[PDB]
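Participant: What follows is query_6.cif; its format and atoms are mmCIF, C-alpha atoms.
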```
data_structure
#
loop_
_atom_site.label_atom_id
_atom_site.label_comp_id
_atom_site.auth_asym_id
_atom_site.auth_seq_id
_atom_site.Cartn_x
_atom_site.Cartn_y
_atom_site.Cartn_z
CA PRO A 2 104.29 100.53 86.44
CA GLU A 3 103.04 102.85 83.71
CA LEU A 4 99.43 103.77 82.80
CA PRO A 5 98.50 100.38 81.24
CA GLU A 6 99.70 98.34 84.21
CA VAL A 7 97.98 100.62 86.73
CA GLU A 8 94.79 100.59 84.63
CA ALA A 9 94.79 96.76 84.59
CA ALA A 10 95.03 96.80 88.37
CA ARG A 11 92.05 99.20 88.39
CA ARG A 12 89.89 96.83 86.32
CA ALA A 13 90.98 93.83 88.39
CA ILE A 14 89.62 95.61 91.46
CA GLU A 15 86.26 96.33 89.78
CA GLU A 16 85.90 92.74 88.61
CA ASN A 17 85.02 91.37 92.06
CA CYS A 18 85.62 94.02 94.74
CA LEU A 19 82.72 96.40 94.04
CA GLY A 20 79.80 96.73 96.44
CA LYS A 21 81.56 94.67 99.09
CA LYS A 22 82.07 95.81 102.68
CA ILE A 23 85.53 96.10 104.27
CA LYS A 24 85.42 93.68 107.22
CA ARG A 25 89.06 93.77 108.27
CA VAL A 26 91.95 96.14 107.54
CA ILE A 27 95.70 95.88 107.84
CA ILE A 28 97.75 98.99 107.08
CA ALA A 29 101.47 98.35 107.20
CA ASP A 30 103.73 99.96 109.77
CA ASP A 31 105.80 101.82 107.14
CA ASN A 32 106.03 105.56 107.85
CA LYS A 33 107.69 106.02 104.49
CA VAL A 34 105.03 104.42 102.26
CA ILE A 35 101.94 105.12 104.41
CA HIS A 36 101.91 108.88 104.06
CA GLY A 37 100.33 111.52 106.28
CA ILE A 38 98.45 109.28 108.68
CA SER A 39 99.06 106.60 111.28
CA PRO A 40 98.18 103.06 110.33
CA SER A 41 95.63 102.67 113.13
CA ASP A 42 93.81 105.88 112.11
CA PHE A 43 93.88 104.68 108.50
CA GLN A 44 92.40 101.31 109.54
CA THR A 45 89.69 102.82 111.73
CA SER A 46 88.67 105.27 109.03
CA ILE A 47 87.85 102.75 106.30
CA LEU A 48 86.67 99.73 108.32
CA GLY A 49 83.02 99.01 107.60
CA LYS A 50 82.86 100.92 104.31
CA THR A 51 81.88 99.58 100.90
CA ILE A 52 84.02 100.01 97.76
CA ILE A 53 81.91 101.71 95.08
CA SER A 54 84.45 101.93 92.22
CA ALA A 55 88.16 102.09 91.47
CA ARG A 56 89.58 105.23 89.84
CA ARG A 57 92.82 106.20 88.17
CA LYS A 58 94.67 109.26 86.88
CA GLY A 59 98.13 108.75 85.45
CA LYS A 60 99.93 106.18 87.61
CA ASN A 61 97.73 106.89 90.62
CA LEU A 62 94.93 104.64 91.70
CA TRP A 63 92.33 105.29 94.37
CA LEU A 64 89.26 103.61 95.76
CA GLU A 65 85.92 105.40 95.78
CA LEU A 66 84.35 104.21 99.05
CA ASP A 67 80.67 104.77 99.97
CA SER A 68 81.86 107.81 101.95
CA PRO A 69 85.26 109.62 102.10
CA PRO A 70 88.17 109.81 102.91
CA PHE A 71 89.47 107.65 100.06
CA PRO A 72 92.67 105.55 99.97
CA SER A 73 95.03 106.35 97.07
CA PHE A 74 97.97 104.44 95.67
CA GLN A 75 100.96 106.05 93.96
CA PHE A 76 102.68 102.98 92.54
CA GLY A 77 106.27 104.16 92.42
CA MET A 78 108.64 101.70 90.76
CA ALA A 79 107.40 98.43 92.30
CA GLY A 80 103.85 99.00 93.55
CA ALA A 81 101.38 96.22 92.82
CA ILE A 82 97.78 95.13 93.37
CA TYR A 83 96.92 91.57 94.41
CA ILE A 84 93.50 89.98 94.81
CA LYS A 85 92.86 86.58 96.39
CA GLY A 86 89.58 84.75 96.90
CA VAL A 87 88.05 84.21 93.45
CA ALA A 88 89.62 81.31 91.53
CA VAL A 89 88.64 82.53 88.05
CA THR A 90 89.92 85.93 86.91
CA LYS A 91 90.52 87.91 83.71
CA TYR A 92 93.45 89.74 85.30
CA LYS A 93 96.42 87.39 85.65
CA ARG A 94 99.01 89.81 87.02
CA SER A 95 96.75 90.32 90.04
CA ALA A 96 96.13 86.63 90.82
CA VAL A 97 97.88 85.00 93.79
CA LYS A 98 99.36 81.50 93.63
CA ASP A 99 98.92 79.30 96.73
CA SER A 100 102.68 79.00 97.26
CA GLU A 101 102.98 82.76 97.88
CA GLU A 102 103.03 84.10 101.44
CA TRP A 103 99.72 85.85 102.17
CA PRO A 104 99.34 88.52 103.29
CA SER A 105 102.68 89.38 101.70
CA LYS A 106 105.36 90.80 104.00
CA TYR A 107 105.46 93.59 101.43
CA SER A 108 101.77 94.41 101.88
CA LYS A 109 101.19 98.05 102.71
CA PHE A 110 97.41 98.16 102.29
CA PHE A 111 95.24 95.12 102.95
CA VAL A 112 91.50 94.59 103.38
CA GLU A 113 89.28 91.53 103.73
CA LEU A 114 85.92 91.98 102.00
CA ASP A 115 82.50 90.27 102.04
CA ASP A 116 82.56 86.84 100.44
CA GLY A 117 86.11 86.33 101.74
CA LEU A 118 87.65 88.40 98.96
CA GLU A 119 90.98 89.98 100.01
CA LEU A 120 92.68 92.93 98.32
CA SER A 121 96.27 94.04 98.81
CA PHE A 122 98.66 96.74 97.60
CA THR A 123 102.30 95.68 97.86
CA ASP A 124 105.59 97.53 97.42
CA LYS A 125 108.90 95.62 97.58
CA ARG A 126 111.04 98.71 96.96
CA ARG A 127 109.16 101.07 99.28
CA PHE A 128 108.95 103.88 96.72
CA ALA A 129 105.14 103.82 96.62
CA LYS A 130 102.92 106.32 98.42
CA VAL A 131 99.65 105.35 100.11
CA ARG A 132 97.38 108.13 101.36
CA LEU A 133 93.87 108.58 102.82
CA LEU A 134 92.43 111.83 101.44
CA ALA A 135 89.09 113.66 101.69
CA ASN A 136 89.35 114.00 97.90
CA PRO A 137 92.38 112.55 96.06
CA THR A 138 91.83 114.77 92.99
CA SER A 139 91.77 118.06 94.93
CA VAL A 140 95.22 117.82 96.46
CA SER A 141 98.72 116.73 95.54
CA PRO A 142 99.89 114.71 93.75
CA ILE A 143 96.80 114.05 91.63
CA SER A 144 95.78 117.72 91.43
CA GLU A 145 99.16 118.58 89.91
CA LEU A 146 98.89 115.92 87.20
CA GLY A 147 98.49 116.93 83.59
CA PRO A 148 95.64 115.39 81.52
CA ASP A 149 95.40 111.58 81.59
CA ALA A 150 96.91 110.11 78.41
CA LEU A 151 93.97 107.71 78.09
CA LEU A 152 91.00 109.55 79.64
CA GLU A 153 91.75 113.14 78.58
CA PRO A 154 93.64 113.10 75.28
CA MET A 155 94.48 116.55 73.91
CA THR A 156 93.16 117.17 70.40
CA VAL A 157 95.73 117.32 67.58
CA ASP A 158 95.76 121.14 67.60
CA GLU A 159 95.79 121.40 71.41
CA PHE A 160 98.71 118.97 71.48
CA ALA A 161 100.67 121.03 68.93
CA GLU A 162 100.04 124.33 70.66
CA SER A 163 101.22 123.00 74.01
CA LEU A 164 104.42 121.51 72.56
CA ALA A 165 105.24 124.87 70.90
CA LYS A 166 105.94 126.45 74.30
CA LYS A 167 107.90 123.52 75.75
CA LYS A 168 111.59 124.31 75.55
CA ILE A 169 112.93 120.92 76.63
CA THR A 170 113.88 117.69 74.93
CA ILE A 171 110.84 115.52 74.23
CA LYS A 172 111.81 112.36 76.19
CA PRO A 173 111.85 114.02 79.62
CA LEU A 174 108.77 116.07 78.70
CA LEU A 175 106.80 112.88 78.04
CA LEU A 176 107.93 111.58 81.45
CA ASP A 177 106.80 114.79 83.19
CA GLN A 178 103.55 113.80 84.90
CA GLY A 179 102.61 117.48 85.08
CA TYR A 180 102.49 117.82 81.28
CA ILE A 181 100.64 114.61 80.35
CA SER A 182 100.09 111.87 82.90
CA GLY A 183 100.66 108.13 82.74
CA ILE A 184 103.65 107.78 80.39
CA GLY A 185 106.77 106.04 81.61
CA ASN A 186 110.06 104.78 80.18
CA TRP A 187 108.76 102.12 77.80
CA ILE A 188 105.76 104.02 76.50
CA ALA A 189 108.03 107.02 75.87
CA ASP A 190 110.52 104.96 73.87
CA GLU A 191 107.64 103.32 72.01
CA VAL A 192 105.81 106.49 70.96
CA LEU A 193 109.01 108.30 69.98
CA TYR A 194 110.22 105.31 67.92
CA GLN A 195 106.76 104.95 66.35
CA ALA A 196 106.55 108.65 65.53
CA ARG A 197 110.15 108.70 64.27
CA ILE A 198 111.30 111.43 66.68
CA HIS A 199 114.69 111.37 68.44
CA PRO A 200 114.63 111.61 72.27
CA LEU A 201 116.82 114.76 72.23
CA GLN A 202 114.51 116.72 69.89
CA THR A 203 113.27 119.88 71.63
CA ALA A 204 109.45 119.82 71.86
CA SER A 205 109.17 123.42 70.63
CA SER A 206 111.22 122.53 67.54
CA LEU A 207 108.76 119.86 66.43
CA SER A 208 106.89 120.75 63.25
CA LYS A 209 103.12 120.47 62.87
CA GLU A 210 103.54 117.12 61.09
CA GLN A 211 105.80 115.78 63.87
CA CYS A 212 103.35 116.80 66.61
CA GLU A 213 100.53 114.99 64.80
CA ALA A 214 102.65 111.86 64.31
CA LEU A 215 103.51 111.87 68.04
CA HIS A 216 99.86 112.53 68.87
CA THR A 217 98.88 109.52 66.74
CA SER A 218 101.53 107.21 68.20
CA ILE A 219 100.68 108.08 71.79
CA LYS A 220 97.07 107.25 71.04
CA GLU A 221 97.81 103.91 69.36
CA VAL A 222 100.37 102.75 71.92
CA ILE A 223 98.17 103.65 74.92
CA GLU A 224 94.96 102.26 73.41
CA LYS A 225 96.55 98.96 72.39
CA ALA A 226 98.38 98.30 75.67
CA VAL A 227 95.14 98.98 77.56
CA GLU A 228 93.08 96.92 75.10
CA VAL A 229 95.19 93.90 76.05
CA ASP A 230 95.20 94.72 79.78
CA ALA A 231 98.95 95.40 79.87
CA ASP A 232 99.81 91.85 78.78
CA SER A 233 103.07 92.58 76.93
CA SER A 234 102.99 89.16 75.24
CA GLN A 235 100.14 90.62 73.23
CA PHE A 236 101.97 93.80 72.19
CA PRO A 237 102.29 94.12 68.39
CA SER A 238 105.52 92.44 67.22
CA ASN A 239 106.69 95.56 65.40
CA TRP A 240 107.02 97.49 68.71
CA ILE A 241 110.50 98.35 70.02
CA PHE A 242 109.23 97.18 73.41
CA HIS A 243 110.14 93.53 72.86
CA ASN A 244 113.84 94.04 72.19
CA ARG A 245 114.24 97.22 74.23
CA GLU A 246 115.71 95.17 77.09
CA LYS A 247 118.29 93.11 75.17
CA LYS A 248 122.06 93.55 75.45
CA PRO A 249 123.70 96.25 73.27
CA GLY A 250 124.74 94.81 69.93
CA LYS A 251 121.97 92.20 69.84
CA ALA A 252 118.94 94.48 70.08
CA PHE A 253 117.04 94.89 66.82
CA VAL A 254 113.48 95.70 65.82
CA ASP A 255 111.89 94.90 62.48
CA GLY A 256 115.46 94.07 61.51
CA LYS A 257 117.04 97.42 62.37
CA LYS A 258 119.66 98.10 65.02
CA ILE A 259 118.67 99.60 68.35
CA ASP A 260 121.05 101.87 70.23
CA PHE A 261 120.78 103.19 73.75
CA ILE A 262 121.20 106.91 74.37
CA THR A 263 121.51 108.07 77.98
CA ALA A 264 121.05 111.78 78.71
CA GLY A 265 120.86 113.14 82.24
CA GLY A 266 120.21 109.78 83.87
CA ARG A 267 117.54 108.81 81.34
CA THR A 268 118.04 105.87 78.96
CA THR A 269 116.19 105.63 75.67
CA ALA A 270 116.14 102.70 73.29
CA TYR A 271 115.85 104.03 69.74
CA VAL A 272 116.61 103.19 66.12
CA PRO A 273 119.29 105.60 64.80
CA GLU A 274 118.43 104.78 61.21
CA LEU A 275 114.81 105.85 61.76
CA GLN A 276 114.98 108.45 64.54
CA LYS A 277 117.10 111.41 63.52
CA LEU A 278 117.95 114.48 65.61
CA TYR A 279 116.98 117.61 63.60
CA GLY A 280 117.92 121.28 63.67
CA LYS A 281 120.86 123.66 63.52
CA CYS A 282 124.09 122.28 64.96
CA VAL A 283 124.15 124.58 68.02
CA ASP A 284 120.56 123.66 68.95
CA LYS A 285 121.33 119.95 68.71
CA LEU A 286 124.37 120.62 70.93
CA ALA A 287 122.27 122.54 73.47
CA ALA A 288 119.81 119.65 73.61
CA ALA A 289 122.58 117.07 74.11
CA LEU A 290 123.86 119.24 77.00
CA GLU A 291 120.41 120.13 78.38
CA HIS A 292 120.90 117.90 81.42
CA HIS A 293 123.26 120.61 82.76
CA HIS A 294 120.24 122.74 83.76
#
```
Would you give me this structure, written as structure tokens?
Facilitator:
Amino acid sequence: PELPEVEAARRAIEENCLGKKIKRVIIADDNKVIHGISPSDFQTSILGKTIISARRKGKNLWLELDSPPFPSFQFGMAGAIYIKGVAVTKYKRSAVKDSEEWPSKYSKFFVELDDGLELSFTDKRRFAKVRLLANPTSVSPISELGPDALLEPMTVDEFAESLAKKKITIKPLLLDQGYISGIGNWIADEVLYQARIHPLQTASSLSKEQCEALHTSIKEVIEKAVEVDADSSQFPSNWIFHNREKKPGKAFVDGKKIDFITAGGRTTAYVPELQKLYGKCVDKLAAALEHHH
């Protein structure tokens, strides 16, 4: 889950869960996912409270209850939000089909609300983190996050000045939640492809024109994916996203070949013909070997 998917879960929660009281709570017995608190303490703390709004920063979601502490959800690689109870919904990835077990055996956070509405956070891989904090934004991990790619976009000049001091290849920088928050593997590939920047290009080597192009592509990719509530089927056809998952040799975009470069455990789908690595030979070499650090 990257910013768009987590944001869609946030809006799905606000569609029917606001202003409703928590009548029953089930916090999973997972001392790996449920962090820093026992499930029974977690349950006792939020039972009886009303959900005022749903908030998000990067890939972290949290519920603003009528009074704190507030439950927060760090999605990890398989975290998901599911809402059952209201037949009609604008958020399909959060709907639950009758043939699905419910509550899911993967549920980590579950509450039954007024009007029989039930909300659940599930994690099949157990890489997610669920916390109950006095203020989610004051402590880790949310307090260590860089500005939200959607809610706090840097200006063109702020963006350029920050990149000038970053001495690392751009792909991993974009993934660093402490620099900018919310970008994951596919958004990174998409904005780099769109801006015509190679994943091994050092951020500090980017020219003023490159920074602006990247600034523009981050804006367009994030705004569009959110505009369509993370429904990839609605992603513009000219995005590398669609063929980014196809087997090597048969992956193309707008008719051009897609290759897959893997540096330091990170794989990037890019178009060699359109994304060139720039700079002196020894700097390009240092970037290709950067993973050694």
Participant: Of the candidates A:180, A:160, A:107, A:187, which one gets nearest to residue 267 in chain A if we count only C-alpha atoms?
Facilitator: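 Among the listed residues, the smallest separation from residue 267 in chain A belongs to A:187.
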Participant: I'd like the contact shell of range 259-266 of chain A - 9 Å cut-off, only C-alpha atoms, skipping same-chain residues fewer than 3 positions apart - returned as an MDAnalysis selection string.
Facilitator: chainID A and resid 200:201 241 244:245 249:254 269:274 289:293
Participant: So that I can check the surroundings of range 27-36 of chain A, please list as a ChimeraX atom specification every protein, DNA and RNA residue that reaches within 9 Å of it, counting all atoms listed in the file and ignoring chain neighbours fewer than 6 positions away.
Facilitator: /A:43-44,107-113,124,127-133
Participant: Go through A:47, A:71, A:101, A:115 and flag the residue nearest residue 19 in chain A, using only C-alpha atoms for the distances.
Facilitator: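 Closest to residue 19 in chain A of all the choices is A:115.
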Participant: What does the PyMOL selection byres ((chain A and resi 211) around 12) select in this file, as a PyMOL selection string?
Facilitator: chain A and resi 157-158+160-161+164-165+171+192-193+195-199+202-210+212-218+276+279
Participant: Box time for range 75-92 of chain A: axis-aligned, enclosing all its listed atoms, 6 Å extra on each side; report centre and edge lengths in Å to one decimal, as JSON.
Facilitator:
```
{"center_x": 98.3, "center_y": 93.7, "center_z": 90.3, "size_x": 32.6, "size_y": 36.7, "size_z": 25.2}
```
Participant: Report the distance between CA of residue 219 in chain A and CA of residue 80 in chain A in Å, rounded to one decimal place.
Facilitator: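 Going from CA of residue 219 in chain A over to CA of residue 80 in chain A, I get 23.8 Å.
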Participant: One decimal, Å: what's the distance from CA of residue 21 in chain A over to CA of residue 117 in chain A, could you say?
Facilitator: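 These two atoms are separated by 9.9 Å.
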Participant: May I ask which of the residues A:170, A:139, A:239, A:178 is the closest one to residue 191 in chain A, counting all atoms listed in the file?
Facilitator: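 Checking each of A:170, A:139, A:239, A:178 against residue 191 in chain A, counting all atoms listed in the file, the winner is A:239.
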Participant: Just the residues within 9 Å of range 144-146 of chain A, please, counting all atoms listed in the file, with nothing from its chain fewer than 3 positions along; format it as a list in words.
Facilitator: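 Surrounding residues, per the criterion: residues 58, 59, 137, 138, 139, 140, 141, 149, 177, 178, 179, 180, 181 and 182 of chain A.
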Participant: Identify which of the residues A:230, A:153, A:99, A:65 lies closest to residue 134 in chain A, counting only C-alpha atoms when measuring atom-to-atom distances.
Facilitator: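 Residue with the minimum atom-to-atom distance to residue 134 in chain A: A:65.
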Participant: Just want the 6 Å neighbourhood of residue 23 in chain A, counted on only C-alpha atoms, with same-chain residues fewer than 3 positions away dropped. Output as a list in words.
Facilitator: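 With the cut-off at 6 Å, the set is residues 48, 49, 50, 113 and 114 of chain A.
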Participant: Expanded to explicit residues, what is the PyMOL selection byres ((chain A and resi 11) around 8) for this file, as a PDB file with C-alpha atoms, keeping the file's coordinate frame?
Facilitator:
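result.pdb, written as the output of this step:
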```pdb
ATOM      1  CA  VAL A   7      97.980 100.620  86.730  1.00  0.00           C
ATOM      2  CA  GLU A   8      94.790 100.590  84.630  1.00  0.00           C
ATOM      3  CA  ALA A   9      94.790  96.760  84.590  1.00  0.00           C
ATOM      4  CA  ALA A  10      95.030  96.800  88.370  1.00  0.00           C
ATOM      5  CA  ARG A  12      89.890  96.830  86.320  1.00  0.00           C
ATOM      6  CA  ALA A  13      90.980  93.830  88.390  1.00  0.00           C
ATOM      7  CA  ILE A  14      89.620  95.610  91.460  1.00  0.00           C
ATOM      8  CA  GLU A  15      86.260  96.330  89.780  1.00  0.00           C
ATOM      9  CA  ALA A  55      88.160 102.090  91.470  1.00  0.00           C
ATOM     10  CA  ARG A  56      89.580 105.230  89.840  1.00  0.00           C
ATOM     11  CA  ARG A  57      92.820 106.200  88.170  1.00  0.00           C
ATOM     12  CA  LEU A  62      94.930 104.640  91.700  1.00  0.00           C
TER      13      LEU A  62
END
```
Participant: Compile the contact shell of residue 85 in chain A as a PyMOL selection string: residues with an atom at most 8 Å away, counting only C-alpha atoms, same-chain residues fewer than 4 positions apart removed.
Facilitator: chain A and resi 96-97+118-120
Participant: One decimal, in Å: what's the spacing between CA of residue 22 in chain A and CA of residue 79 in chain A?
Facilitator: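 It comes out at 27.5 Å.
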Participant: Of the candidates A:277, A:60, A:92, A:98, which one gets nearest to residue 148 in chain A if we count all atoms listed in the file?
Facilitator: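 Going through A:277, A:60, A:92, A:98 one by one, the smallest distance to residue 148 in chain A is for A:60.
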Participant: Just say which residues the PyMOL selection byres ((chain A and resi 135) around 6) picks in this file, as a PyMOL selection string.
Facilitator: chain A and resi 69-70+134+136
Participant: Select, from A:126, A:93, A:184, A:284, the residue with the minimum atom-to-atom distance to residue 220 in chain A, counting all atoms listed in the file.
Facilitator: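 Nearest to residue 220 in chain A: A:184.
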Participant: May I have the protein, DNA and RNA residues with an atom at most 10 Å from (94.5, 92.0, 79.0), counting only C-alpha atoms in the file's coordinates, returned as a ChimeraX atom specification?
Facilitator: /A:5-6,9,12,91-94,225-235
